[PDB]
Structure formats: C-alpha cells, structure tokens
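S.K.: Below you'll find start00.cif; it's mmCIF, C-alpha atoms.
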data_upload
loop_
_atom_site.group_PDB
_atom_site.id
_atom_site.type_symbol
_atom_site.label_atom_id
_atom_site.label_comp_id
_atom_site.auth_asym_id
_atom_site.auth_seq_id
_atom_site.Cartn_x
_atom_site.Cartn_y
_atom_site.Cartn_z
ATOM 1 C CA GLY A 1 79.340 104.261 118.242
ATOM 2 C CA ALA A 2 77.464 101.183 117.056
ATOM 3 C CA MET A 3 77.742 97.407 116.682
ATOM 4 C CA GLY A 4 80.366 96.510 114.095
ATOM 5 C CA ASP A 5 83.752 94.806 113.883
ATOM 6 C CA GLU A 6 86.413 96.756 111.990
ATOM 7 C CA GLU A 7 89.786 95.915 113.528
ATOM 8 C CA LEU A 8 91.351 92.550 112.682
ATOM 9 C CA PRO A 9 93.592 90.265 114.821
ATOM 10 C CA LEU A 10 97.193 89.411 113.951
ATOM 11 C CA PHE A 11 100.003 87.033 114.777
ATOM 12 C CA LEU A 12 103.572 88.133 115.477
ATOM 13 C CA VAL A 13 106.258 85.499 114.966
ATOM 14 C CA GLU A 14 109.750 86.566 116.006
ATOM 15 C CA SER A 15 112.282 85.471 113.389
ATOM 16 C CA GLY A 16 115.068 85.315 115.947
ATOM 17 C CA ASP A 17 112.973 83.146 118.255
ATOM 18 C CA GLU A 18 109.815 81.269 117.268
ATOM 19 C CA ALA A 19 109.028 81.025 120.982
ATOM 20 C CA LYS A 20 108.232 84.740 121.063
ATOM 21 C CA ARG A 21 104.604 84.901 119.929
ATOM 22 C CA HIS A 22 102.258 87.868 120.362
ATOM 23 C CA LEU A 23 98.693 88.252 119.072
ATOM 24 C CA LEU A 24 97.701 91.860 118.406
ATOM 25 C CA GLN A 25 94.468 93.300 117.051
ATOM 26 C CA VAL A 26 94.933 95.985 114.399
ATOM 27 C CA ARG A 27 92.725 97.286 111.584
ATOM 28 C CA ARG A 28 93.566 96.072 108.102
ATOM 29 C CA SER A 29 93.347 99.617 106.803
ATOM 30 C CA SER A 30 96.072 100.360 109.329
ATOM 31 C CA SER A 31 99.362 101.069 107.655
ATOM 32 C CA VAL A 32 102.494 99.211 108.695
ATOM 33 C CA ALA A 33 103.533 102.469 110.373
ATOM 34 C CA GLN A 34 100.626 102.411 112.835
ATOM 35 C CA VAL A 35 100.554 98.648 113.055
ATOM 36 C CA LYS A 36 104.250 98.494 113.889
ATOM 37 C CA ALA A 37 103.661 101.357 116.294
ATOM 38 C CA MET A 38 101.777 98.787 118.325
ATOM 39 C CA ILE A 39 104.482 96.221 117.589
ATOM 40 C CA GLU A 40 106.839 98.558 119.452
ATOM 41 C CA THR A 41 104.394 98.959 122.314
ATOM 42 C CA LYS A 42 104.793 95.210 122.864
ATOM 43 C CA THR A 43 108.324 94.455 121.616
ATOM 44 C CA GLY A 44 109.918 97.888 121.885
ATOM 45 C CA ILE A 45 111.865 97.590 118.641
ATOM 46 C CA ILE A 46 112.050 100.870 116.710
ATOM 47 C CA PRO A 47 109.859 100.854 113.547
ATOM 48 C CA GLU A 48 112.673 102.203 111.378
ATOM 49 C CA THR A 49 114.403 98.870 112.008
ATOM 50 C CA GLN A 50 111.393 96.577 112.386
ATOM 51 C CA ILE A 51 111.198 94.432 109.260
ATOM 52 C CA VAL A 52 107.820 92.739 109.104
ATOM 53 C CA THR A 53 106.793 90.333 106.350
ATOM 54 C CA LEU A 54 103.384 89.196 105.246
ATOM 55 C CA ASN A 55 102.698 86.122 103.142
ATOM 56 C CA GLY A 56 105.870 86.195 101.041
ATOM 57 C CA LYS A 57 105.567 90.004 100.931
ATOM 58 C CA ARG A 58 107.611 92.697 102.660
ATOM 59 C CA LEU A 59 106.005 95.399 104.786
ATOM 60 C CA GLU A 60 106.581 98.810 103.226
ATOM 61 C CA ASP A 61 105.863 102.304 104.541
ATOM 62 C CA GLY A 62 102.434 103.732 103.782
ATOM 63 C CA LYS A 63 101.295 100.220 102.920
ATOM 64 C CA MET A 64 98.127 99.021 104.644
ATOM 65 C CA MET A 65 97.453 95.492 105.859
ATOM 66 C CA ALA A 66 94.568 95.389 103.395
ATOM 67 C CA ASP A 67 97.066 96.201 100.649
ATOM 68 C CA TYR A 68 98.504 92.739 101.320
ATOM 69 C CA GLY A 69 95.063 91.170 101.233
ATOM 70 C CA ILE A 70 95.463 89.957 104.802
ATOM 71 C CA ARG A 71 92.802 88.220 106.872
ATOM 72 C CA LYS A 72 91.387 88.226 110.396
ATOM 73 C CA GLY A 73 94.301 87.073 112.505
ATOM 74 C CA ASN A 74 96.795 86.879 109.661
ATOM 75 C CA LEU A 75 100.304 85.528 110.165
ATOM 76 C CA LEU A 76 103.102 88.082 110.458
ATOM 77 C CA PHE A 77 106.859 87.543 110.627
ATOM 78 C CA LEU A 78 108.871 89.980 112.744
ATOM 79 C CA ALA A 79 112.488 90.798 111.888
ATOM 80 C CA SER A 80 115.181 93.383 112.652
ATOM 81 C CA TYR A 81 117.924 95.083 110.634
ATOM 82 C CA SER A 82 121.462 93.743 111.024
ATOM 83 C CA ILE A 83 124.986 95.160 110.820
ATOM 84 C CA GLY A 84 126.810 93.176 108.151
ATOM 85 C CA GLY A 85 129.099 95.729 106.548
#
Could I get this file's structure written as structure tokens?

M.R.:
Amino acid sequence: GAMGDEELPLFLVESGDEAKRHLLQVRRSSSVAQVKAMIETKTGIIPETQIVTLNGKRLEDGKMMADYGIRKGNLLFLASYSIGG
C-alpha cells in the first residue's frame, strides 16, 4: 500500500550438502510454519520433517523468526529427520 520494507531475507544452508544454497525473503514475524512453507516451495521437503536451526537455536512450531532475534538475511541451517531406530 505504501513505501516500507517489512519482509527480511534469509539464507538456507543444506546440512547434507553445503553446496545447496538458497536465499529466500520472509518476514521475521513469520513463524517457522509459514517460513518453512516457502522452504518446501523451493526444496520440497515436508515441514513436519524439516529441521531448521537458527544461531545455535532450534526452530519450533509457532515460533517466529523475530523470536530468535534474527536479522535481515540471517543464516539458517536446513536439516531433515532420520530413521535410526
């Protein structure tokens, strides 16, 4: 509606392969649920299994980027659940 920057950039670093890098713009107030929603739009990995991690912190449900005190174009580490057993 008017001039103003709300959304904030981000950096996706695949844990399995550092070569896989993807910069995505998402609001800080955006919760990991919506943020990861985009992460799926680019990677395709189901959210329920997508384990993202901020600066030493783990991405929880309902938690917003701002909750982690992130910054414009903050670093994010992408991960995925494993079998183990």

S.K.: Step by step, work through what the PyMOL selection byres ((chain A and resi 39) around 12) selects in the shown file, and finish by giving those residues as number ranges by chain.

M.R.: A: 10-14, 21-26, 32-38, 40-52, 76-79

S.K.: Residue by residue, what does the PyMOL selection byres ((chain A and resi 72) around 7) grab here? Present the result as a list in words.

M.R.: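 Selection result, ordered by chain and number: residues 8, 9, 10, 71, 73 and 74 of chain A.
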
S.K.: Please, what distance in Å, to one decimal, runs between atom CA of residue 16 of chain A and atom CA of residue 67 of chain A?

M.R.: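 Value for the atom CA of residue 16 of chain A-atom CA of residue 67 of chain A distance: 26.0 Å.
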
S.K.: Could you tell me how far atom CA of residue 83 of chain A sits from atom CA of residue 15 of chain A, in Å to one decimal place?

M.R.: 16.2 Å

S.K.: May I ask for the distance between atom CA of residue 53 of chain A and atom CA of residue 19 of chain A, given in Å to one decimal place?

M.R.: 17.5 Å

S.K.: Find the axis-aligned box for segment 21-34 of chain A, covering all its listed atoms and adding 4 Å on each side, and write its centre and edge lengths in Å to one decimal as lines of an AutoDock Vina configuration file.

M.R.:
center_x = 98.7
center_y = 93.7
center_z = 113.6
size_x = 19.9
size_y = 25.6
size_z = 21.6

S.K.: Counting only C-alpha atoms, I want the residues whose atoms come within 12 Å of (93.6, 93.7, 101.4) in the file frame, returned as a list in words.

M.R.: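 Neighbouring residues, ordered by chain and number, come to residues 8, 27, 28, 29, 30, 31, 54, 55, 63, 64, 65, 66, 67, 68, 69, 70, 71, 72 and 74 of chain A.
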